[PDB]
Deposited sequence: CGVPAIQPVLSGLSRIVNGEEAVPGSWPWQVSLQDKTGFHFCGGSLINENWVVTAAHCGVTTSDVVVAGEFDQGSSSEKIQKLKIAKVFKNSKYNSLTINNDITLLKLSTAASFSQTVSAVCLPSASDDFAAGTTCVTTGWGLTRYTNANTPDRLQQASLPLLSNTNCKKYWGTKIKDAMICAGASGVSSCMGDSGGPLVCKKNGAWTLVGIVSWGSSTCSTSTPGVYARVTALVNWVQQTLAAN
């Protein structure tokens, strides 16, 4: 996990186009018509982790191996969803514990453009200031979504610095990043916020919420995976 067959080239609003297939765990969650409503991350061949607010159902599909959503010829894997596991602690009012697991009906065929992201340990500590990356097909301007997968490097923010703006809206299962010239935006939800752990890309956050206009000078908020990974492991073990 966490090691792309195709290495990404570093250096979403104000982000940049990604090297095709360089973020193999990135998936697109679409309805039966092919309409993209959220992103997600493959954690293995049978499970996808996304945001709870995305409201995924078994009628939606997981699309893996995609780069250009405007390309009808591009080879991709449309995977059906067998069951949806929304974290029962998801707070629809505070948006805390914003995580959901998707169990695929048919396993994804891992390849050069389709593989898993690593999951952190509940005790992992990713220092504030750490430069991580987020990806997705969300708006590039706050408007239709870009056809090609976007990426952006951004720093993790300490809870103290994040709260300097969001105050008490920041809860224990949330982690902030951004306010650095880039910003996740509509369509990026459920997508990954990854940081390297011993050289391997690891899921530190899940795009959740933020500025109502996707301001690049405001902290972006993500579901803190370290606070939710035990729930993830328990769910996988029991299913």
| item | value |
| --- | --- |
| Gaps in the model, given as deposited-sequence positions counted from residue 1 | 12-15, 147-148 |
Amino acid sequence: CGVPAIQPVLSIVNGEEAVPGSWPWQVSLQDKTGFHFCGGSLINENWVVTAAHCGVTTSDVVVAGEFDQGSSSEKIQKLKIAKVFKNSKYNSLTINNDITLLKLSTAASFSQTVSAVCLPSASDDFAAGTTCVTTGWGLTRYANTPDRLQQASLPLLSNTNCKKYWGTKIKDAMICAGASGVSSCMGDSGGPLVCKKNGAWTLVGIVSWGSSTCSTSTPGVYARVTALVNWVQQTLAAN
From here on, numbers count along this sequence of modelled residues.
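In this text, the rigid core denotes the largest set of C-alpha atoms whose superposition between the two forms falls within 1.5 Å.
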query	finding
More shifted region, core-based fit in 9 other deposited structures of this protein, 213-221 vs 227-235 by CA	213-221
Farther-lying stretch by C-alpha RMS in 9 other deposited structures of this protein, rigid core as reference, of 25-33 and 40-48	25-33
Coordinates absent for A143 in a third or more of other entries	yes
Between 96-104 and 74-82 (mean CA B-factor, as deposited), the higher	74-82
Mean C-alpha B-factor comparison - 165-173 and 121-129, higher one	121-129
Residue, from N198, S183, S208, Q26, that the PDB entry assigns the highest Cα B-factor	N198
Record-listed C-alpha B factor of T58: chain third	highest
Where the record places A143 (Cα B-factor, split into thirds across the chain)	highest
Entry-reported Cα temperature factor of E45, expressed as the chain third it lands in	highest
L10 by Cα B-factor - lowest, middle or highest third of the modelled chain	highest
CA B-factor ranking of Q150, expressed as a third of its chain	lowest
